[PDB]
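# Structural description and commentary
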Amino acid sequence: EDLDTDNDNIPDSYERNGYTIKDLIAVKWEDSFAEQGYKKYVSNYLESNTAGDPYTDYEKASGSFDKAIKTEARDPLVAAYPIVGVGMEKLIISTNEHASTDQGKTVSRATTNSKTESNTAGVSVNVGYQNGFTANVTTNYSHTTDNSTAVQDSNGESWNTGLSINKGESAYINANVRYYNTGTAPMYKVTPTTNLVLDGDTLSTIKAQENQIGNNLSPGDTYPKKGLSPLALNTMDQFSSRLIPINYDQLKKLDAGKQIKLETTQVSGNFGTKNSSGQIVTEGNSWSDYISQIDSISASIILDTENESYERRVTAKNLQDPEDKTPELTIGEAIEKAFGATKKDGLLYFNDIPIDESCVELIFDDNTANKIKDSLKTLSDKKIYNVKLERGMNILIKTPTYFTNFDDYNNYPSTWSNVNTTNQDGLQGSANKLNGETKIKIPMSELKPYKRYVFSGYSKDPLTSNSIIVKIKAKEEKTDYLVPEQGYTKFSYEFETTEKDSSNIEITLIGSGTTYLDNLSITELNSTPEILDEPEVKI
Amino acid sequence: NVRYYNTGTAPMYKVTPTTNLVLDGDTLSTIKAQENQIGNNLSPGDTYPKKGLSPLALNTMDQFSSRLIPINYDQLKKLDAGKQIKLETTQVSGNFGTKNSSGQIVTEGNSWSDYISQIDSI
Amino acid sequence: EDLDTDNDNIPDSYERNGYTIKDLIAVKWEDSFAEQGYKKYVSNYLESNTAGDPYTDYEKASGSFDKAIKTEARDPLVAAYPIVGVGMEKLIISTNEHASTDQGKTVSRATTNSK
Ligand SMILES: [Ca+2]
Ligand SMILES: [Ca+2]
Ligand SMILES: [Ca+2]
Ligand SMILES: [Ca+2]
């Protein structure tokens, strides 16, 4: 009841059942400590660092480490682990190599990007949600370090008009990039190696030069900072490389809807350890030694939560081994433990955005589905959050930009037709009403120029009534007749937004039958290709 | 475009292999891992780069690169005559990790070269 | 029955007939431990590292080493030993040496291999 078999300053009996740190020390967890500010920690009593990170189960749980680590990384199951990647917000292509100006016809265009698009571009919608596994699967679940730019000047003109490249000459690529960090720890003395890659070929790989090595990268912060003039790609010095050359075919692909997408293969950095008196040393402490150790006993979870990206590592079980004493954890539990989620009514609010299997767009990979699908079989609850976490799982959360639950949350910049009363049957509080025609007019002046979106929601009619006729007109028209069922089911109808601030968007659930709508969401997934032809030659 | 691998049981930290691209019996050129191609991590069962990360360009043709691998017309016909290129890594250079009683893992000075001959001989 | 002639934290009598690690320590192997998750380890009682790898017969058998090593390398007879090799999945041949494009007729072809 007082023995410590791993010398982590925390007794095993506290380590097994749960504990907390009170004023410097481990104290047993009594539920009265909750709703007061203390978190219930529970770790592995046979090992020092339950998660694998450099810090022991006591340093994390108490906070006797760097003060730059996130609050959610104090849990002995969430790993202090930085995820670094490059993003591109300006593209320059010129016809010149050395002293790039004054000798060519340069074109430069400002771009925007997103770190989770390659993950959700391989998402096939497959509108069916059969066995309560109301999730979506992608083909290539990559990571948040795979940023994919999207040029936005690009009105109708191509890259050659004003460039004069015809099948023999090579333009040269210049850009202004801006690193980021979506993990929990900082990376000291960062030196990443990124690859600028077209459809399938590597134009050139950047290794951080002498001047571009940024000494500091705290989680949630970029290099340079939020107001500091992004880095010139090479800067064309004696430490720089030769400007990135591309050929005429790639030069047409860049107008053919194929995107450049930046990928950071490996990053090189350090971490900090105190010295009992506040002396922090960061030399010799490299992350490379812990990256493989951490990722091999963890489950990668990503939250997208538009306007910032988060990625976490949470330790797992490996039930096949008896001597693994890592506490088994549910997916709903690991999400809260990794993202600092609070419980509003037992629903894992992140900051105030609702996060549930019914509220957002979950995305998995094939090996995760081949363990979760055959887990929702022997369960008294069809919840995807009540599945047992195991190493190798990959879970992505796409939160919708526009969501409504008819209870407290409403994100649409307009309103619906009507809700018409105070309903309580939606599997979460209130749902919709108004048998008649229900509409909402989205200006499209707030969506994105050439992206695809998704409309999904939970719909039911308790007693076998009419089929609802949905009508969606953004770039196409949609006319579907879905029959509501006994349990609310996700429908996930797709559309596209093009034409660079086109007229409007029309989503109408015109269907009679006294049906119920709850948790209807709108979320962007892919960037749709747009074709640009430079001149039209007269004959 | 090549893609390292690891089929053993341990990881190799700070990997720097020396491979030989060899025709029927002749060495076109031997690659030693350059400054940028040295991959800090190679866990068993995993490749460098990872399973979705754009394999390495052979030389990348920089100041750290070598001159592009030249071959002759006879080899150029052999490559259509059913004779294969086959990559061979002669020696690899890497490290291993040892704890320090408190979770401190050091991987410097711990080179595998000292244990490769000792292990394979018994 | 309790002596250790190699300072590998595992007594020689356990080292000769078989043993396992239970909660941090060497315990004699009784066949009831099988079909439960424990493996019967048996090593050399005259040497620290029976296999030759950098890790001693106790660090392997218990797991007090890197968490990236395979589960099968905890046996004191299987050696922690990495085998690294290069594989080729794309071949490009061109008629040019420096700034390889724009001056030759390049051909590139995707390849598959096997070790
Ligand atoms: Ca512990
Ligand atoms: Ca303990
Ligand atoms: Ca021994
Ligand atoms: Ca012994």
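Its PDB header names cryo-EM as the technique used to obtain the model and reports a resolution of 3.1 Å.

### Some details on the coordination of the calcium ion (ligand 3)
Residue and element names in this part refer to chain C. Surrounding the calcium ion (ligand 3) are the protein donor atoms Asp-6 (OD), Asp-8 (OD), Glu-15 (OE), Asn-44 (O), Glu-47 (O) and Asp-57 (OD), at 2.2 to 2.7 Å. Its six donor atoms give the calcium ion (ligand 3) angles of 62 to 175° at the centre, a pattern that matches the irregular case. Look at where the donors of the calcium ion (ligand 3) fall in the sequence and you get D-x1-D-x6-E-x28-N-x2-E-x9-D. Here the calcium ion (ligand 3) and the calcium ion (ligand 4) are spaced 4.4 Å apart, linked through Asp-6, which binds each one. Within this pair, whereas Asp-8 is found in the segment before helix 1 (12-17), its partner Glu-47 is found in the loop between strand 2 (25-28) and helix 2 (57-62), the two being separated by 39 residues in sequence.

### Topic: the side chain of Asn-160 of chain A
Residue and element names in this part refer to chain A. Positionally, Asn-160 belongs in the loop between strand 7 (148-151) and strand 8 (171-177). For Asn-160, a relative accessible area of 7% puts it in the buried group. At 2.7 Å, the side chain of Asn-160 forms a polar contact with the backbone oxygen of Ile-165. In terms of polar contacts, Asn-160 uses its side chain to reach the side chain of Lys-252, at 3.5 Å. Those residues in contact with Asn-160 that sit more than four places away from it in its chain are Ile-165, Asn-166, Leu-251, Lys-252 and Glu-534.

### Describing the coordination of the calcium ion (ligand 2)
All names here are of chain A. The protein atoms donating to the calcium ion (ligand 2) are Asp-4 (OD), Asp-6 (OD), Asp-6 (OD), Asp-8 (OD), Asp-8 (OD), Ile-10 (O), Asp-12 (OD) and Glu-15 (OE), with metal-donor distances spanning 2.3 to 3.1 Å. All donors of the calcium ion (ligand 2) come from a single chain, and their spacing in sequence reads D-x1-D-x1-D-x1-I-x1-D-x2-E. A gap of 4.2 Å separates the calcium ion (ligand 2) and the calcium ion (ligand 1), which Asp-6 links by coordinating each metal. For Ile-10, a relative accessible area of 0% puts it in the buried group. Residue classification places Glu-15 among the buried residues on the basis of a relative accessible area of 0%.

### Examining the interface of chain C and chain A
With twelve residues of chain C at the contact, the number on the chain A side is 14 residues. Together, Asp-23, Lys-67 and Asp-102 of chain C form the three largest contributors to the area buried by chain C at its contact with chain A, with a combined 51%. On inspection of chain C and its partner chain A, the count reaches one salt bridge. The partner of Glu-47 of chain A in a salt bridge is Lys-67 of chain C, with the nearest N and O atoms 3.1 Å apart.

### Here's the deal with the pairing of strand 14 (residues 261-266) of chain A
All names here are of chain A. Most of strand 14 is tucked away: six of the six residues are buried. Across five bridges, strand 10 (residues 193-197) lies against strand 14 in antiparallel orientation. Looking across to strand 14, one finds that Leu-196 is bridged to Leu-262.

### Description of a nonpolar patch on the surface
On the surface, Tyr-73 and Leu-76 of chain B together with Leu-91 and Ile-93 of chain C cluster together into a nonpolar patch covering about 370 Å² of accessible area. Listing elements by their share of the nonpolar patch, those giving two or more residues are helix 1 (73-78) of chain B together with strand 4 (90-93) of chain C. Mapped onto the elements of the fold, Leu-76 of chain B is located in helix 1.

Reading the values: rules and limits
- Residues numbered from 1 in each chain as written, not as in the entry; some residues may be left out.
- Chains lettered and ligands numbered in written order.
- Part of a larger assembly, values for the part shown.
- Heavy atoms only, no water.
- Donors = N, O, S within 2.8 Å, 3.2 Å for Na, K, Ca; no water.
- Tetrahedral: all angles 85-135°; square planar, octahedral: opposite > 155°, others 65-115°.
- Helix = DSSP H or I, 4+ residues; strand = E, 2+ residues; numbered from the N terminus.
- Buried < 20%, exposed > 50% of the residue type's maximum accessible area, 1.4 Å probe, protein only.
- Polar contact = N/O pair within 3.5 Å; in protein donor to acceptor, adjacent residues only side chain to side chain.
- Contact = heavy atoms within 4.5 Å.
- Buried area = accessible area lost by both parts, 1.4 Å probe.
- Salt bridge = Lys/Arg side-chain N within 4 Å of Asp/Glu carboxyl O.
- Pairing = 2+ DSSP bridges.
- Patch = residues over 30% accessible without salt bridge, like charges linked within 9 Å, V, L, I, M, F, W, Y side chains within 5 Å.
- Areas by Shrake-Rupley, 256 points an atom, 1.4 Å probe, with all protein chains shown as cover.

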